[PDB]
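Notes follow the structure.
Throughout, read-outs are computed from the coordinates displayed, never taken from laboratory work. Using ideal geometry, Cβ is built from the backbone for each residue, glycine included, and neighbour counts are taken over all protein chains shown.
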Amino acid sequence: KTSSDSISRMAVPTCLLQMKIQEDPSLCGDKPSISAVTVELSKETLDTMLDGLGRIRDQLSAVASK
Amino acid sequence: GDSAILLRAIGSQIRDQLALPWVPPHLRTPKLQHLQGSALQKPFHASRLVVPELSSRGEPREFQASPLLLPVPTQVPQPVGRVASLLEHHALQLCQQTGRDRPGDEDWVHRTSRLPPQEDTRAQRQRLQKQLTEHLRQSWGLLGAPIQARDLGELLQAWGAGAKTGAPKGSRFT
Amino acid sequence: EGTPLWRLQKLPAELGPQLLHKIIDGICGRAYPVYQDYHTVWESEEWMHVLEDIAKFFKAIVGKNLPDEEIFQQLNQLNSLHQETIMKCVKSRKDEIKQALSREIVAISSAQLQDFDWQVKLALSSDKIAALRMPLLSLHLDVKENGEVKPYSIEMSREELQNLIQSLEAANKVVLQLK
Amino acid sequence: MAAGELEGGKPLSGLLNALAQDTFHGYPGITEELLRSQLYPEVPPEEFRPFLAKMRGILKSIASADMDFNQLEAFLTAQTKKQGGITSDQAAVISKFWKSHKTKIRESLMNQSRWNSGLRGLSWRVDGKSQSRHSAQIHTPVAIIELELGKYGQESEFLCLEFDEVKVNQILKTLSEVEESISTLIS
Amino acid sequence: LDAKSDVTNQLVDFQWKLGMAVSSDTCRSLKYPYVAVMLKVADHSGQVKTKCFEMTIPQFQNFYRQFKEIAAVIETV
Amino acid sequence: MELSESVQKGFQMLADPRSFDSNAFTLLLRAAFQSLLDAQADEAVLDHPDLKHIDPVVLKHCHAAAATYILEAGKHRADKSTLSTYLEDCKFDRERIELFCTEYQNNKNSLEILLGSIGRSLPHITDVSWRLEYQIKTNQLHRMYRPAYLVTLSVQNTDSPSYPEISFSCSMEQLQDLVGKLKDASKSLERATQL
Amino acid sequence: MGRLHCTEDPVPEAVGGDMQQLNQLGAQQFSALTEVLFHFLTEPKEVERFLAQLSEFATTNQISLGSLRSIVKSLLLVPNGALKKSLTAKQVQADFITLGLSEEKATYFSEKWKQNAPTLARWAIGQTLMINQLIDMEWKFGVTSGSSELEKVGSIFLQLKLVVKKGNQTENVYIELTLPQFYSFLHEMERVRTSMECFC
C-alpha cells in the first residue's frame, strides 16, 4: 500500500488470498454454484493464522509419534 | 339502451358459458382452452419498425426499394409482435400528427393558419434554453472551485523512488 | 492493426450489403444475421469480434457526426468496392442509428419501461353488496430493471385515473414546450 | 372566530416550522400538531381546518422559484390583502424565515426527487504489486477505488474496481471530454 | 481458471450523459444540472453487470481531481 | 377509429386504376392478410411477378396502410357499413369495395381470435383434490379425535408456463364457510344470468 | 510573493478573518478545550458529553456555540492536513513560526499534538481501502468413522470458518479441507510470511 486518499505515502505489506469453492448442486438448486472469494489480510492476522495451524500440525505430529 | 342492452348481452353470454360443463384440461379443444383457461395467452410487446417514406430525395430511396428493406408487417417473426408493433406505430404517428396539421377547434386551429415550420416557436423557447444554459454556466466556479492545486501532481516526478527491497528474506515459524 | 473493419476484407464485394444492413437492423431492435449464412468466410470466435467491431464503429461514426472526408479516409485501405458500400450504408439509414442511440441514452437509469397493456372491466357484484356496478381499469407494466423484466399491475377507478391523467398532463405541458 | 391570527404569533410560526419539518425534511415522527391543540385551547369549534389549507397553499406557493425577496413582498401582499391576511410585520417575519431555511428546503426537495443511485462518497487506494503464488517478481502498480452508492432512504451498496496505467489514462481522457462538453455548452 | 490480475472486478466499458432536471411535481422550477454514469463490469465468472448512478457538478469535479491525483501517484512509483 | 395522414395517402393511391388493377389490388390485399395472419411468412408475400411493374416504395407504403386499416377495423369491431362508407370517401368503386368486404369476411374469425389473445391475467384455477383424515394425537397432546380436511388447488400462471399447486388445511366449519361463499358466488352469477 | 505553505485548501479572508478569535479566550480554557478535543476524538460513541460540558459554558457566559464550533473547525485544519500528508515536525513548526498565531498558544498546541501524533497517525491506517478484511477465524480438526455407504473409514478432515467483513455487513465462509490440501495451505502461508517481510 504505497499511498491512499487519507495519507500521501507509506510502504506497508498486505496479502490477498483468493480461493475456489465447490458446493453440492443439490444444496443450491439447479446451479453448479462454484464461487470465488478474496480476503485481504495483515501481519497480525497472518501470524495468528500461522500459529494456530502450526499448533494443529504439532498436535498431529505428536499423535503420530505417540 | 346500452345501459340495459349491455346487461342483456352479458346475461346471454353468462348463460351460454354456463351451458358448457367443465372438462379436464387434458381433453380440452382450443375453444374450451380459451373459455376454461388462459394457457394460450401471449403478452404485448412492440419492436422498433421502419417504413418506406414517399420522399424521393435520393440515395436512401435505393435502400427503400431494395429487398434489404423487408415489407413492414413481416419485419418480426411472430404475428403478435407484428400486430403490436403496427398498432404502436400507428398510435405514435397519430400522436405526432396531433402536434402537427390538425383541423381542430375555433381557437386551436388559429395558430395553424400562419405557423412556420418549427421556426416561429424557437423565439419563445430560446428563452427557456437561455435559463438552462445560464444555470449550467453557474456552479463552474460558484462553489468549491477554483480547484487549481497544481502542486500535488507533478512534483512527485522529480523526486522519484528512493528506497527498494533487497534479497529474499525469511525466518523460522514461531 | 488499422481500422477495426480490416477483418471485413475476407468477405467478397457481393455479400457486403446484406451483412451490413442486417447488422444495422439488429442494432435498431430487429434480429441479427445468423452464422449459417456466412460461416465459410469466418470463424465463430472471430465472427463475434467482427460483428462487435462493425456495430461499435457505426455507432461511433453516427454519434460523433463526422464529415464526409474523415469517414472516407479511415476506409482507405479496404476493398476497392467495400468503401462505397459502407459510405452509402451510412448515408441511407443514419437516422435509424441516431434513434437507437437516443433510445439507449434512456438506458442510463435504474429501470426503463418496455411496453404495457390495459384492460377495462365492469364490476357487477361482490360479497359485500350485489349492486356494485364499479368500472375498474387494470394497468399492466413490464419494466426492465438491472437485467431482468419485472411485470407490475395496478387497479384504478375513475377518480385515481383522473388524478393520474391530470398529473401526466401537467408533465406534458412541460415536455411539449421543452422540444 | 378571530383568535390567534391577529393575537398570537407563536402558534402560527410554530405551525409553519412544524409543516416545514413534516413536508420537506422528512421527520413526521412527532410534530406539534398533537400538542398545540391541548396546550393552546383556542381551537375554533367549527372552522379550524380550512385555515391550515391556506397555510399549505402559501407554503407551496413560495416553493416554486424562490424569487428575490423584493418580489416576494408583492405576491404576499396580493394574496394576503384579503380577510385574515398576514400583517406587514408578519409578512416581513415570514419572508425572513424563508432565508432561515432556503438551502435546506432546496436540498431536501432535490434529495426527495432522486430516481437513481447517487454518489455518497469516494474512497480509493493505489498500491504496488510484488509477487504471487507462481510469479516471483512484479512491479506494475494498480489502483483500488470503492464507490458508496445508494438510493435515498435505502441501505448503501459498495462497488470495488481494479485498474492499471492504460485504463486510468482512458478514464481520465473520458472525464476530460466530459469537462470539455460542460465548458462548451455555456455559450 | 485462476489468474492473479483479476481479483474482484474489472470494468469493461464506461458511458456517461449530461442533462439537467427541468420540473417536478413538487417544484416547477427545479432546474439544476447533473451528470450521470453507466458502468458495466465483469467478475471472475465472466459475466457482465450494469451499475448506473447519478452525480452533481461538485461531486464530478472531486471525482476528476481524485483520479488525477491517483494518476500522478501511480506514475511516480 | 382515427387514422393518420400517411394511411389516407396510401388509400388514396390504392384507388387509381393506373397504379393498380383488379388483380393487383386483390393480390396486395391477400398478401397483407397473409402477412398479418401467417406465422411463417417471408418476403415471398411480394414475390408475385404480377406486381413487378410498380415502384416498391408505393407498394410497401400501401401494404402497410392496408394492414393498419385491417388492424384498426378488427380492433374496433367494424362492420360492413363503416368500411363501405370510409372506402367510398376514398374514391373507390363498387368492385373494389365489394372485394375488400369479401376479403374481410373470409378470414374475420381468425383476426378476431388473434387480437383477443394478447394480455395477461390472474392465475386461473382448474380443479381441486381433497383428503379426509382423522387427527388422533401430537407429541404434546394424546387424545383429540377430530376430523380435518386437506385441500390442494391446481392453478396455472399465464406468466410462467407451469402448474404450481396451492395447498391448505381446513376443518369442517371452515370447509362449510368456504362452500357457502362459493355457493353465494354461484347464486350471484345466476342472478346476473336471469336479468 | 509565491504560494503559502500553511494552507493546501485555499482559505480566503472570508474564512481566515476568524482565525484571530482564539486570542480572546484564556489559557486554562485553551488547555481544557484541547484535551477535550482529543477525548472527544477518542470516544465518539458518547456525544452527550459534548452538550453536557457546553451547558456550563452556555449558562455561565452565554457564549454562542456557533463561534466556538467555527473556531474549532478552523483550528483542526492544520493537523488534519498533517495527518493526510504526514508532515515533519520542522514543517509544522516553521509554518506556525512564519504565520505566528499567538505563538504562546501554538508552541503548546504543537508540542501536545506531536506527543499524541503517532496514535492518531496509526488510527488512520485502519480507515482506508481494505477489500473484504478478515476479522476472526475458527477451525475444527476431526476424524470420520463411517458414512451412509461405507461402514468403516478413517478419512481425516478440517473445517474452517472465516469472519470476512463484506462491507458494512459481515459474512461467514465455511470450508472443508483434506489432509494434503491442509498441508499445502500451511506451506503456502509459510511462503507468504517469508515474502511479506522482505521489504520491512
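List of remarks:
- Filter result (away from chain B (no Cβ under 14 Å) and within 30 Å of B:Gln131 (Cα to Cα)) within segment D:133-175: D:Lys151, D:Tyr152, D:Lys173, D:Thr174
- Taking the criterion of being in contact with a helix residue (DSSP H, G or I) (Cβ under 7 Å, 6 or more places away or on another chain) and outside any strand (DSSP E or B), the residues of segment E:10-29 that qualify are E:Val22, E:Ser23, E:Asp25, E:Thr26, E:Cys27.
- Selection status of D:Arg125, among the basic types (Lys, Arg), in a loop (DSSP other than H, G, I, E, B) and either touching a residue at least 24 places away in the same chain (Cβ under 8 Å) or within 14 Å of chain G (Cβ to nearest Cβ) (or both): no
- Strands (runs of 3 or more DSSP E) completely within segment F:124-192 that count 1 or more residues being in contact with a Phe, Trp or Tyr (Cβ under 8 Å, 6 or more places away or on another chain) and among the aromatic types (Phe, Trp, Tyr): F:124-135, F:146-156
- Between B:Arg100, B:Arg82, the distinction of being within 10 Å of chain F (Cβ to nearest Cβ), charged (D, E, K, R), without any contact (Cβ under 8 Å) to a residue 12 or more places away in the chain and surrounded by 18 or more Cβ atoms within 10 Å (Cβ to Cβ) belongs to B:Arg82 only.
- The lone exception for C:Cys89 - which of (1) free of Cβ contacts under 8 Å to residues at least 40 places away in the same chain; (2) in a helix (DSSP H, G or I) it fails: (1)
- If you go through segment F:32-48 and keep only what is facing chain B (nearest Cβ under 8 Å) and assigned to a helix (DSSP H, G or I), you end up with F:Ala32, F:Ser35, F:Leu36, F:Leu37, F:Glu43, F:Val45, F:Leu46.
- G:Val164 fulfils the conditions (1) of a type outside the set (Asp, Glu); (2) surrounded by 12 or more Cβ atoms within 10 Å (Cβ to Cβ); (3) at the interface with another protein chain (Cβ under 9 Å from one of its Cβ atoms); (4) in a loop (DSSP other than H, G, I, E, B) except for a single criterion, (4).
- Scope segment F:82-122; condition of a type in the set (S, T, N, Q), loosely packed, with under 13 Cβ neighbours inside 10 Å and closer than 16 Å to F:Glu2 by Cα; matching residues: F:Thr85
- Where G:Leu134 falls short, out of the listed (1) outside any helix (DSSP H, G or I); (2) closer than 24 Å to G:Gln21 by Cβ: (2)
- Unique match (being under 18 Å from the mean Cα position of the chain (by Cα) and either loosely packed, with under 13 Cβ neighbours inside 10 Å or part of a helix (DSSP H, G or I) (or both)) among G:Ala58, G:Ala124, G:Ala52: G:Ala124
- Residue check for B:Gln93: surrounded by 10 or more Cβ atoms within 10 Å (Cβ to Cβ), more than 32 Å from the chain's Cα centre (by Cα) and outside any loop (DSSP other than H, G, I, E, B): no
- Of residues in segment C:108-120 being free of Cβ contacts under 8 Å to residues at least 24 places away in the same chain and exposed (fewer than 14 other Cβ atoms within 10 Å of the Cβ), the one farthest from the chain's Cα centre (by Cα): C:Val120
- Positions within segment B:36-56 being more than 30 Å from C:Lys144 (Cβ to Cβ) and within 11 Å of chain C (Cβ to nearest Cβ), in sequence order: B:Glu53
- Residue in segment D:156-178 that is more than 30 Å from A:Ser3 (Cβ to Cβ) and of a type in the set (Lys, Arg) present: no
- Exactly one residue among F:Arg18, F:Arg77 is outside any helix (DSSP H, G or I) and closer than 26 Å to B:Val80 by Cα, and that residue is F:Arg77.
- Taking segment D:112-158 as the range and being closer than 20 Å to C:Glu145 by Cβ, out of contact with any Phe, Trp or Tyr (no Cβ under 9 Å at 6 or more places or on another chain) and of a type in the set (A, V, I, L, M, F, W, C) as the test, the residues that pass are D:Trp115, D:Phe158.
- Any chance G:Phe199 is more than 26 Å from the chain's Cα centre (by Cα), within 11 Å of another protein chain (Cβ to nearest Cβ) and not in a strand (DSSP E or B): no
- Filtered residues of segment C:129-144 (kept if more than 10 Å from every other protein chain (Cβ to nearest Cβ) and under 30 Å from E:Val48 (Cβ atoms)): C:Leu141, C:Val143, C:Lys144
- Flag for E:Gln61 being free of Cβ contacts under 8 Å to residues at least 24 places away in the same chain, surrounded by fewer than 16 Cβ atoms within 10 Å (Cβ to Cβ) and more than 22 Å from C:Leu178 (Cα to Cα): no
- The number of residues in segment C:136-178 that are without any contact (Cβ under 8 Å) to a residue 24 or more places away in the chain and in a helix (DSSP H, G or I) comes to 20.
- From the list E:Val7, E:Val48, E:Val35, E:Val73, the one residue that fits, being β-branched (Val, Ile, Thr), within 12 Å of chain B (Cβ to nearest Cβ) and not in a strand (DSSP E or B), is E:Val73.
- Residue count for segment D:98-119 satisfying the condition of being closer than 17 Å to D:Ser64 by Cβ, surrounded by 14 or more Cβ atoms within 10 Å (Cβ to Cβ) and not aliphatic (A, V, I, L, M): 6.
- For segment F:49-68, a residue qualifies if it is more than 9 Å from every other protein chain (Cβ to nearest Cβ) and surrounded by fewer than 22 Cβ atoms within 10 Å (Cβ to Cβ), and the qualifying residues are F:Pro49, F:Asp50, F:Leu51, F:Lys52, F:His53, F:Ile54.
- Count - residues of segment A:1-46 that are facing chain G (nearest Cβ under 8 Å), among the charged types (D, E, K, R) and in a strand (DSSP E or B): 1
- Looking across G:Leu68, G:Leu87, one residue alone is in a loop (DSSP other than H, G, I, E, B), surrounded by 13 or more Cβ atoms within 10 Å (Cβ to Cβ) and touching a helix residue (DSSP H, G or I) at 6+ places or on another chain (Cβ under 8 Å). It is G:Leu87.
- Some residue of segment D:107-121 being aliphatic (A, V, I, L, M), assigned to a strand (DSSP E or B), touching a strand residue (DSSP E or B) at 6+ places or on another chain (Cβ under 9 Å) and away from chain G (no Cβ under 11 Å): yes
- The sole residue among D:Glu179, D:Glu146, D:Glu155 that is within 30 Å of the chain's Cα centre (by Cα), over 18 Å from D:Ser61 (Cβ atoms) and surrounded by 17 or more Cβ atoms within 10 Å (Cβ to Cβ) is D:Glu146.
- Qualifying position, being farther than 21 Å from B:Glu88 by Cα and within 11 Å of chain B (Cβ to nearest Cβ), among C:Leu161, C:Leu124: C:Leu124
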